[PDB]
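Working notes for the structure below.
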Amino acid sequence: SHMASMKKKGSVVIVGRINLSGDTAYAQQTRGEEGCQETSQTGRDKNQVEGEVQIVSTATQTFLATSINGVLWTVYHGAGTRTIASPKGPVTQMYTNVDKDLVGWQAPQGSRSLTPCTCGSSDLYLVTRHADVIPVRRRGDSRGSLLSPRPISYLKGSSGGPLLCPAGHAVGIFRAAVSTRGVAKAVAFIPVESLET
Ligand SMILES: COc1ccc2nc(C)c(O[C@@H]3C[C@H]4C(=O)N[C@]5(C(=O)NS(=O)(=O)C6(C)CC6)C[C@H]5/C=C\CCCCC[C@H](NC(=O)O[C@@H]5CCC[C@H]5F)C(=O)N4C3)nc2c1
Ligand SMILES: [Zn+2]
């Protein structure tokens, strides 16, 4: 049967975190590939969630997700409409806006949220999936220039991650990057003003 064969997409799965709790940022893995794949099909994740910045994966892609205002946020171009695995099964998005490249699920129990920035700073810090902290000078409301131009491979797979102000508040989450000749020159982010409700 055609219809009896039709499968459902898996869930997004938290497979790690970027620990920002001390004086040193570092990535932690909390689930390997096989467990990720199994957890994606069942949607049941018994792992204890911690921190603000999660490493997340689908069957095919991996990226980041950041908790702000009690919502775990990430990019639509990573997560699409997918549910997220939780200790109680798959959890449906409570926010979806493809026009902002944004989705959100209720923050997992045990997680913490970052504080939205109110400083109006232009000195930003992008945290990557590799726990690199990359100085960015803000350009207007939703863009930023890299102070230090690195290869664009350094930024691949960090969408959903936070841009932070000097005090560690969330200014937005990383959405896109602009390069020239393969060197990253600027970034676009979803302002924290939209990361609420
Ligand atoms: C499908 O529904 C939608 C809805 C809205 C929507 N909105 C945007 C902007 C969009 O873009 C897509 C995905 C996004 C991306 O790659 N995001 C990053 C990442 O890391 N992704 S990822 O985590 O690897 C991944 C893929 C999730 C797992 C962080 C970069 C890092 C490196 C980029 C490498 C080369 C790619 C350069 C692109 N450049 C660019 O578009 O610049 C724009 C154009 C001019 C201004 C500027 F904003 C770019 O950055 N893109 C291309 N797709 C969609 C799709
Ligand atoms: Zn701030």
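Just remember, in the structure tokens the first chain shown is A, the second B, etc., residues are 1-based per chain, and ligands are 1-based in the order shown.
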List as JSON lines every residue of chain A that is in contact with ligand 1, defined as an atom at most 9 Å from one of its atoms (using only C-alpha atoms and all ligand atoms), together with the nearest atom pair and the distance in Å rounded to one decimal, sorted by chain and then rising number.
```
{"residue": "A:57", "atom": "CA", "partner": "ligand 1", "partner_atom_place_in_ligand_line": "28 (C)", "distance": 8.2}
{"residue": "A:58", "atom": "CA", "partner": "ligand 1", "partner_atom_place_in_ligand_line": "28 (C)", "distance": 8.8}
{"residue": "A:60", "atom": "CA", "partner": "ligand 1", "partner_atom_place_in_ligand_line": "28 (C)", "distance": 8.4}
{"residue": "A:61", "atom": "CA", "partner": "ligand 1", "partner_atom_place_in_ligand_line": "28 (C)", "distance": 4.9}
{"residue": "A:62", "atom": "CA", "partner": "ligand 1", "partner_atom_place_in_ligand_line": "28 (C)", "distance": 5.2}
{"residue": "A:63", "atom": "CA", "partner": "ligand 1", "partner_atom_place_in_ligand_line": "23 (O)", "distance": 4.2}
{"residue": "A:64", "atom": "CA", "partner": "ligand 1", "partner_atom_place_in_ligand_line": "23 (O)", "distance": 6.9}
{"residue": "A:74", "atom": "CA", "partner": "ligand 1", "partner_atom_place_in_ligand_line": "27 (C)", "distance": 9.0}
{"residue": "A:75", "atom": "CA", "partner": "ligand 1", "partner_atom_place_in_ligand_line": "27 (C)", "distance": 6.9}
{"residue": "A:76", "atom": "CA", "partner": "ligand 1", "partner_atom_place_in_ligand_line": "4 (C)", "distance": 5.5}
{"residue": "A:77", "atom": "CA", "partner": "ligand 1", "partner_atom_place_in_ligand_line": "55 (C)", "distance": 4.0}
{"residue": "A:78", "atom": "CA", "partner": "ligand 1", "partner_atom_place_in_ligand_line": "27 (C)", "distance": 3.6}
{"residue": "A:79", "atom": "CA", "partner": "ligand 1", "partner_atom_place_in_ligand_line": "27 (C)", "distance": 7.2}
{"residue": "A:80", "atom": "CA", "partner": "ligand 1", "partner_atom_place_in_ligand_line": "2 (O)", "distance": 6.7}
{"residue": "A:97", "atom": "CA", "partner": "ligand 1", "partner_atom_place_in_ligand_line": "4 (C)", "distance": 8.2}
{"residue": "A:98", "atom": "CA", "partner": "ligand 1", "partner_atom_place_in_ligand_line": "4 (C)", "distance": 4.7}
{"residue": "A:99", "atom": "CA", "partner": "ligand 1", "partner_atom_place_in_ligand_line": "5 (C)", "distance": 5.9}
{"residue": "A:100", "atom": "CA", "partner": "ligand 1", "partner_atom_place_in_ligand_line": "5 (C)", "distance": 6.3}
{"residue": "A:101", "atom": "CA", "partner": "ligand 1", "partner_atom_place_in_ligand_line": "5 (C)", "distance": 3.9}
{"residue": "A:102", "atom": "CA", "partner": "ligand 1", "partner_atom_place_in_ligand_line": "5 (C)", "distance": 7.6}
{"residue": "A:128", "atom": "CA", "partner": "ligand 1", "partner_atom_place_in_ligand_line": "20 (O)", "distance": 8.9}
{"residue": "A:129", "atom": "CA", "partner": "ligand 1", "partner_atom_place_in_ligand_line": "23 (O)", "distance": 8.8}
{"residue": "A:142", "atom": "CA", "partner": "ligand 1", "partner_atom_place_in_ligand_line": "48 (F)", "distance": 8.9}
{"residue": "A:143", "atom": "CA", "partner": "ligand 1", "partner_atom_place_in_ligand_line": "48 (F)", "distance": 7.8}
{"residue": "A:152", "atom": "CA", "partner": "ligand 1", "partner_atom_place_in_ligand_line": "32 (C)", "distance": 5.7}
{"residue": "A:153", "atom": "CA", "partner": "ligand 1", "partner_atom_place_in_ligand_line": "32 (C)", "distance": 6.7}
{"residue": "A:154", "atom": "CA", "partner": "ligand 1", "partner_atom_place_in_ligand_line": "32 (C)", "distance": 7.9}
{"residue": "A:155", "atom": "CA", "partner": "ligand 1", "partner_atom_place_in_ligand_line": "31 (C)", "distance": 4.6}
{"residue": "A:156", "atom": "CA", "partner": "ligand 1", "partner_atom_place_in_ligand_line": "20 (O)", "distance": 3.8}
{"residue": "A:157", "atom": "CA", "partner": "ligand 1", "partner_atom_place_in_ligand_line": "23 (O)", "distance": 3.1}
{"residue": "A:158", "atom": "CA", "partner": "ligand 1", "partner_atom_place_in_ligand_line": "20 (O)", "distance": 4.4}
{"residue": "A:159", "atom": "CA", "partner": "ligand 1", "partner_atom_place_in_ligand_line": "29 (C)", "distance": 4.1}
{"residue": "A:160", "atom": "CA", "partner": "ligand 1", "partner_atom_place_in_ligand_line": "23 (O)", "distance": 7.0}
{"residue": "A:161", "atom": "CA", "partner": "ligand 1", "partner_atom_place_in_ligand_line": "29 (C)", "distance": 8.6}
{"residue": "A:174", "atom": "CA", "partner": "ligand 1", "partner_atom_place_in_ligand_line": "29 (C)", "distance": 6.0}
{"residue": "A:175", "atom": "CA", "partner": "ligand 1", "partner_atom_place_in_ligand_line": "17 (N)", "distance": 5.0}
{"residue": "A:176", "atom": "CA", "partner": "ligand 1", "partner_atom_place_in_ligand_line": "50 (O)", "distance": 3.1}
{"residue": "A:177", "atom": "CA", "partner": "ligand 1", "partner_atom_place_in_ligand_line": "50 (O)", "distance": 4.0}
{"residue": "A:178", "atom": "CA", "partner": "ligand 1", "partner_atom_place_in_ligand_line": "42 (O)", "distance": 5.0}
{"residue": "A:179", "atom": "CA", "partner": "ligand 1", "partner_atom_place_in_ligand_line": "37 (C)", "distance": 7.5}
{"residue": "A:182", "atom": "CA", "partner": "ligand 1", "partner_atom_place_in_ligand_line": "35 (C)", "distance": 8.9}
{"residue": "A:184", "atom": "CA", "partner": "ligand 1", "partner_atom_place_in_ligand_line": "32 (C)", "distance": 8.0}
{"residue": "A:186", "atom": "CA", "partner": "ligand 1", "partner_atom_place_in_ligand_line": "47 (C)", "distance": 8.3}
{"residue": "A:187", "atom": "CA", "partner": "ligand 1", "partner_atom_place_in_ligand_line": "48 (F)", "distance": 6.7}
{"residue": "A:188", "atom": "CA", "partner": "ligand 1", "partner_atom_place_in_ligand_line": "48 (F)", "distance": 4.8}
{"residue": "A:189", "atom": "CA", "partner": "ligand 1", "partner_atom_place_in_ligand_line": "48 (F)", "distance": 7.7}
```
Contacts of ligand 2, 9 Å or closer, only C-alpha atoms and all ligand atoms, given as an mmCIF file with C-alpha atoms, in the first residue's frame:
```cif
data_model
loop_
_atom_site.group_PDB
_atom_site.id
_atom_site.type_symbol
_atom_site.label_atom_id
_atom_site.label_comp_id
_atom_site.auth_asym_id
_atom_site.auth_seq_id
_atom_site.Cartn_x
_atom_site.Cartn_y
_atom_site.Cartn_z
ATOM 1 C CA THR A 115 18.180 37.696 28.999
ATOM 2 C CA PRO A 116 17.234 39.868 25.994
ATOM 3 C CA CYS A 117 19.726 42.683 25.521
ATOM 4 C CA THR A 118 18.656 46.246 26.232
ATOM 5 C CA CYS A 119 22.087 47.880 25.957
ATOM 6 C CA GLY A 120 21.808 49.000 22.342
ATOM 7 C CA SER A 121 25.402 47.851 21.962
ATOM 8 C CA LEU A 164 25.526 38.272 22.608
ATOM 9 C CA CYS A 165 26.301 41.743 23.886
ATOM 10 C CA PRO A 166 29.371 42.435 26.030
ATOM 11 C CA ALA A 167 27.325 41.672 29.167
ATOM 12 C CA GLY A 168 26.155 38.291 27.811
ATOM 13 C CA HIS A 169 22.584 39.270 26.968
ATOM 14 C CA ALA A 170 21.008 37.876 23.790
ATOM 15 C CA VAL A 171 20.847 40.372 20.924
#
```
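The shortest atom-to-atom distance to residue A:17, with only C-alpha atoms taken into account, belongs to A:49 out of A:49, A:59, A:36, A:190.
We find atom CA of residue A:110 and atom CA of residue A:48 to be spaced 6.9 Å apart.
You can rank A:71, A:12, A:4, A:134 by their closest distance to residue A:195 using only C-alpha atoms, and at the top of that list sits A:71.
Among the candidates A:52, A:141, A:132, A:38, the residue lying nearest to residue A:24 is A:132 (atoms considered: only C-alpha atoms).
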Quiz item: Any idea what's packed within 8 Å of residue A:149, counting only C-alpha atoms, ignoring anything in its chain fewer than 3 positions away? Could you give it as a PyMOL selection string?
Solution: chain A and resi 146+183-185
Self-check item: Contacts of residue A:18 at 6 Å (only C-alpha atoms; same-chain gap of 5+ positions) as an MDAnalysis selection string
Solution: chainID A and resid 26:27 53
For the residues in that selection, give me N, CA and C atoms as a PDB file, in the first residue's frame.
```
ATOM      1  N   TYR A  26      32.558  26.004  25.871  1.00  0.00           N
ATOM      2  CA  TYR A  26      32.981  24.726  25.309  1.00  0.00           C
ATOM      3  C   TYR A  26      31.756  23.918  24.917  1.00  0.00           C
ATOM      4  N   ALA A  27      31.907  23.172  23.827  1.00  0.00           N
ATOM      5  CA  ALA A  27      30.861  22.297  23.334  1.00  0.00           C
ATOM      6  C   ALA A  27      30.868  20.979  24.081  1.00  0.00           C
ATOM      7  N   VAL A  53      22.122  27.250  25.324  1.00  0.00           N
ATOM      8  CA  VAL A  53      22.397  27.026  23.913  1.00  0.00           C
ATOM      9  C   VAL A  53      22.523  25.524  23.718  1.00  0.00           C
TER      10      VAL A  53
END
```
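Between atom CA of residue A:50 and atom CA of residue A:112 the separation is 7.1 Å.
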